[PDB]
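Scroll down for the structure; my scribbles are underneath it.
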Amino acid sequence: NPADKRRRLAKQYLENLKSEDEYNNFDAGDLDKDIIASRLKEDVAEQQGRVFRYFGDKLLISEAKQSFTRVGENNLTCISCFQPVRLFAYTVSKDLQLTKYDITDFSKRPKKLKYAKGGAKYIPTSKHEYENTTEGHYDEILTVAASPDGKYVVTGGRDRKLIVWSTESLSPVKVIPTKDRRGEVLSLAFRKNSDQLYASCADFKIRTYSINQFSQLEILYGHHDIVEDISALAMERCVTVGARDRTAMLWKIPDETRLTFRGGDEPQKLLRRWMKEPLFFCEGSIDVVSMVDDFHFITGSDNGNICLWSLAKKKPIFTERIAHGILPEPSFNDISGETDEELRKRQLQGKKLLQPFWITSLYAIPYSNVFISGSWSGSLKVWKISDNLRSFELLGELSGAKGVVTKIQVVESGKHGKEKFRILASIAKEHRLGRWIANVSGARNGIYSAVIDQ
Amino acid sequence: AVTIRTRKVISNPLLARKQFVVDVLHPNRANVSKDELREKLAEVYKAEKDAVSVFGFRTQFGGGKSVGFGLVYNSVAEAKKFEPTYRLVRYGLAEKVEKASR
Amino acid sequence: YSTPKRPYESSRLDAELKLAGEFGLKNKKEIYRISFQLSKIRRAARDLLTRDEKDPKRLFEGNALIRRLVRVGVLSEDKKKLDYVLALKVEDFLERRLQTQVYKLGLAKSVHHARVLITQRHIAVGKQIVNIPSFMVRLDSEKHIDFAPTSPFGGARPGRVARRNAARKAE
Amino acid sequence: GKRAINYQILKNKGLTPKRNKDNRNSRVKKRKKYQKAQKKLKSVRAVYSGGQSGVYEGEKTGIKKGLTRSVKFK
Amino acid sequence: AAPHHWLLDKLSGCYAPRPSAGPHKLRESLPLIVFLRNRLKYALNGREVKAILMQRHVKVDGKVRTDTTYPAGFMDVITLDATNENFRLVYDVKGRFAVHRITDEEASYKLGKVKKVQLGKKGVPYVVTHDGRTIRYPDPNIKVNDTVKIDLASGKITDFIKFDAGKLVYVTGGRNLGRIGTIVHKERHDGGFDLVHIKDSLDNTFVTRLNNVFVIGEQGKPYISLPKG
RNA sequence: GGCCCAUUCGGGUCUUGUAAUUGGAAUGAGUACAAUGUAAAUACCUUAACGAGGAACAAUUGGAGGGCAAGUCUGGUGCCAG
RNA sequence: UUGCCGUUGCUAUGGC
């Protein structure tokens, strides 16, 4: 048995490498490095923070105050929020408008404050990739990001620019182009409690910036498709996911190194695993992330998977195969064009062309026990991760959001044992990158806010 | 615009000193510009501009980053005590020439 | 490298003619170098076939050899057998160099345009500008071959000929 | 007043034949002897050029009804 | 050109620092330059470790002793004034100098193996140790290889640990150098391989010499604190 | 009109040539601001300015074959052979 | 509660 001989010889090999618990167990170099550890400074940014907010089953779920404030902007795309240590929120749309909200009036719907709308006036007079230093967006703003301190919001989209606006007036303070032709930005994330931005640009590139210095730190390379989502916490690590290469990478940005995590679910072995006694299959494209803590994260796929990954395992720890359902099959009055229902039913091939909803938004509350998933099934899902950190489980649903969920994130309130949050979710009737979405089933372009309690 | 990153900041009370490694970041600039770097370091830390010092600069291939070794003092007098004389000739105030014979 | 056995037979001359013309090579030393180390590779894989199944050398050095050949990129992901290392040959190795790859990705109009782009530093894989044409890009650096951002075919400031013509036409 | 040396005393290329601009580069010579070779290959074989370009105009060069260019067995 | 005990990285230099003469031998000590500069790294080079030695931060065995190559051997408590650094350095299990950090009431003393008791001149009993502290007047029952506890403010013996069967012993020398566990066996031969034998995690057995072993306390209660992992 | 085969007659094939004109891009050797490095200096690394049309900013070495004069030499059965 | 437009509430919904 050749793989048995491989495992056996590898075991003998590791035993021989060990060859080349007592009462005294102290090692001189380890305790010397621990003396240097006692000598050093800056136990602030580099907390390898584990899950210290265990509250998944604690708070209420089923009776949230859900207000779906519809807004008149075609296809809202992103949502950025802010809390100091009054709270503002930000939305941005495919109609080239950024909009500031106040959200701190917690028991009611948010309040519009200020527009900032680019348009055809901001097309540059050059068509030349480094004099892209205009003051507004002329194409398809895809992402906003508020500063952790709140001086600025920074936004960008398919016009390959980063425009950083002031908070108090929504004015463009600085323009930083991405200096090449395909340099469309797709996701932005500040590292927490900082002034450092991580943008993920479709050149298979990740750009980093210091916003209050108007400088770019480091460009870091290495995905294989467009870097569709990004996520960061207080550590200088980052977690990006490229779309169709089906890998999620995490980046030690000062070292400029990474850990890659591929997928790897196969319907052959999965249907055999069920065949030991079923509509589930392989993977299209890993789409969204959120780093839950500094040892784990969660990925949202294109076949409706939500997966939970550790920092110490290439293959994922936990899967959840169907997370928002399978799409309604196309009707017999809109598949075939024959006359009889028998042939128009034969043109469905049974179950072979039922496609699942793909999770287009995922948000893990940082270091907490609970994350929120959203797609165009109409109902957001709330999941909590078990305390042994090897599984998660569906708590409840938030069914007042008709449309695609282009963004989810939460806003905190309450103290250490009694808490209430408003879950913002940007709702559109069209995916945040291309159109591709038919059967617009009662959708509206709005902000689904929910107020969850206890 | 140059950019600054301190890492692994330890304190040496025996030498009355605080030392660290300096990732200096200059996209589309030539290099570190060490006096301007001492200015930027002396303003990100406290004042002591004749007590902040950097010596070990290595720029990686293609530019952009350079790793240096940063040590910052309190008390410019004890910085003059503890720093070596060639770095004092390079940056600060000392100048004693060697007698040229044989 | 090392010279072949009969270096002047007409099949070898038409071989080197087709190789140097189809891949834009400068002399015979490119073919001879890459073929010398390919000779070492499949002379090793021949011995790995002449030993038996469940030999430790065969198991470990065989999957090691085919995995680092797949990661160089001359061998595809599905053929994970050791006889494909014998079926491997020299243009499978010099299709992997950067001049060939720049032309195939279409940043250049021919292999000679690719060679002069590479030697004039308009091409950077990943972060670093590569400037020699015989580079042997890997399966992960295959998709980050793009124009350098320090170059007028990227987005940078235009070169001396363009700016001098612009200045003289401004005069 | 400095009687500088000139190129024929400096480089000392005494009495050479006329040589080739294509020989002054080893790469361009193999670019232009491969173009010559693959223009000669159209003479010996018939080279697949890429299929039918536009409308089928005709054979453009003639049809021989007497010649059969096919390999007979044994 | 280095020994094994110093935990000295090879990418350091060419000339290795010979320790000067002092209390301990050359082969069982580390100087202050290899202590401060390249082990716990309070310096970067010989110039600044000489600078802090001229500043006189070091207080090994309660006295200053400003010297670069001062041979700190076994359990000389290195004391540094800034950030109240108290360091007792002992042997680890694989031959190096593990420098444990201790506190002030433990660095107020040390212990020492007695080597010989003499009727030297004028009726004065007499005792020496590995740092050579010739202290006056112990009890008559000081055998060889017992353990005195030095005062470290004056020099007097304060406590005494008797060497017998059933005592916690430390082995510094030979192929057992730096082991603890002190009980599987006792065997006093008449000139070599004579010792008390030391256990392991599975309570294995070991052979050493008398002079290459010296007592540190009792079965569970040493008043020295020890590092752990 | 070029090319290929063949001892011969001949055969096979096809956009191929030209010190023809011409166009704007590219940059590298060089010349050089520096800063970095280093006891100091060199070098590597980073890098503004200039730097191509005979791109004369002028790579070789060896081989195969011609052709020419109011020219010269030799032979001898005109005008030829060498 | 918005680009319009409808039911509107004296606030929620649904068609482009």
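Residue numbers (the deposited numbering), protein chains in the order written: chain 3F, 58 to 77, 102 to 166, 184 to 375, 394 to 570; chain SZ, 4 to 105; chain SK, 12 to 182; chain 5H, 536 to 609; chain SF, 13 to 241. All residues carry an ideal CB built from backbone N, CA and C; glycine is no exception.
Length of the line joining the Cα atoms of residue i and residue j
i: residue 46 (chain SZ); j: residue 72 (chain SZ); result: 17 Å
i: residue 293 (chain 3F); j: residue 307 (chain 3F); result: 8 Å
i: residue 79 (chain SF); j: residue 18 (chain SF); result: 18 Å
i: residue 55 (chain SZ); j: residue 242 (chain 3F); result: 39 Å
i: residue 469 (chain 3F); j: residue 89 (chain SK); result: 27 Å
i: residue 221 (chain SF); j: residue 60 (chain SF); result: 41 Å
i: residue 158 (chain SK); j: residue 59 (chain SZ); result: 33 Å
i: residue 168 (chain SF); j: residue 151 (chain SF); result: 12 Å
i: residue 159 (chain 3F); j: residue 298 (chain 3F); result: 15 Å
i: residue 300 (chain 3F); j: residue 52 (chain SF); result: 47 Å
i: residue 64 (chain SZ); j: residue 33 (chain SZ); result: 12 Å
i: residue 182 (chain SF); j: residue 127 (chain SF); result: 15 Å
i: residue 88 (chain SZ); j: residue 206 (chain SF); result: 57 Å
i: residue 43 (chain SF); j: residue 82 (chain SF); result: 5 Å
i: residue 44 (chain SZ); j: residue 79 (chain SZ); result: 15 Å
i: residue 121 (chain 3F); j: residue 81 (chain SZ); result: 22 Å
i: residue 401 (chain 3F); j: residue 193 (chain SF); result: 59 Å
i: residue 3 (chain SK); j: residue 47 (chain SK); result: In the structure as shown, chain SK starts at 12 and stops at 182, and residue 3 (chain SK) therefore has no counterpart that could be examined.
i: residue 365 (chain 3F); j: residue 403 (chain 3F); result: 20 Å
Where residue i meets chain 5H, residues with beta-carbon distance less than 8 Å
i: residue 183 (chain SK); result: Beyond the ends of chain SK as shown, which are 12 and 182, falls residue 183 (chain SK); an answer cannot be given.
Neighbour list for residue i in chain 3F, Cβ cutoff strictly below 7 Å
i: residue 155 (chain SK); result: 302 and 319
i: residue 160 (chain SK); result: 277 and 278
i: residue 4 (chain SZ); result: 311, 312 and 313
Under 9 Å by beta carbon: chain 3F residues contacting residue i
i: residue 14 (chain SZ); result: 120, 121 and 122
Simplified DSSP assignment, three categories, for residue i
i: residue 373 (chain 3F); result: helix
i: residue 54 (chain SK); result: helix
i: residue 124 (chain SK); result: helix
i: residue 74 (chain SF); result: helix
i: residue 213 (chain SF); result: coil
i: residue 116 (chain SF); result: helix
i: residue 96 (chain SF); result: helix
i: residue 161 (chain 3F); result: strand
i: residue 533 (chain 3F); result: coil
Under 7 Å by beta carbon: chain SK residues contacting residue i
i: residue 279 (chain 3F); result: 166
i: residue 66 (chain 3F); result: 67
i: residue 389 (chain 3F); result: In the structure shown, chain 3F runs from 375 directly to 394, leaving residue 389 (chain 3F) without coordinates.
Closer than 9 Å at the beta carbon, the chain SK residues around residue i
i: residue 62 (chain 3F); result: 65, 67 and 70
Heavy atom of the ligand FAD within 7 Å of residue i beta-carbon
i: residue 99 (chain SZ); result: With respect to small molecules bound, the structure shown includes none, and the ligand FAD cannot be examined in it.
Partners in chain SF for residue i, counting only beta-carbon separations shorter than 7 Å
i: residue 74 (chain 3F); result: None at all; the shortest Cβ gap to chain SF is about 17 Å.
i: residue 104 (chain 3F); result: 192 and 193
Interface residues of chain 3F facing residue i [CB-CB closer than 8 Å]
i: residue 10 (chain SZ); result: 352
Chain-ordered chain SK contacts of residue i [CB-CB under 8 Å]
i: residue 322 (chain 3F); result: 151 and 154
#### Entry: Short-range partners of chain SK found in the stretch 544–566 of chain 5H, where Cβ spacing is below 9 Å
560, 561, 562, 563, 565 and 566
### Query
Closer than 8 Å, Cβ to any Cβ of chain 3F: which residues of the stretch 212–230 of chain SF, in chain order?
Correct list: 212 and 213.
### Residues of the stretch 47–81 of chain SF whose Cβ lies closer than 7 Å to any Cβ of chain SZ, in chain order
With the criterion set as a beta carbon lying under 7 Å from some beta carbon of chain SZ, the members of the stretch 47–81 of chain SF are 54, 59, 60, 63, 64 and 69, in sequence order.
### Contacting positions in the stretch 219–230 of chain 3F - beta carbon closer than 7 Å to chain SK
Of all residues in the stretch 219–230 of chain 3F, only 227 and 228 place a beta-carbon less than 7 Å from a beta-carbon of chain SK.
### Task
Would you list, in chain order, the members of the stretch 108–125 of chain SK that have their beta-carbon closer than 8 Å to a beta-carbon of chain SZ?
Hits within the stretch: zero.
#### Entry: Positions along the stretch 90–105 of chain SF whose CB lies within less than 8 Å of some CB in chain 3F
104 and 105
### Task
Would you list, in chain order, the members of the stretch 176–200 of chain SF that have their beta-carbon closer than 8 Å to a beta-carbon of chain 3F?
191, 192 and 193
### Residue ranges of each alpha helix (DSSP H) within the stretch 103–148 of chain 3F, 4 or longer
109–120
### Task
Name, going along the chain, the residues of the stretch 52–70 of chain SZ whose beta-carbon falls closer than 9 Å to a beta-carbon of chain SK.
64, 65 and 67
### Query
Which parts of the stretch 544–588 of chain 5H are runs of the beta strand (DSSP E), unbroken and 3 residues or longer, counting only runs that do not cross its ends?
none
### Query
In chain order, what residues of the stretch 26–52 of chain SK put their CB closer than 9 Å to some CB of chain 3F?
none
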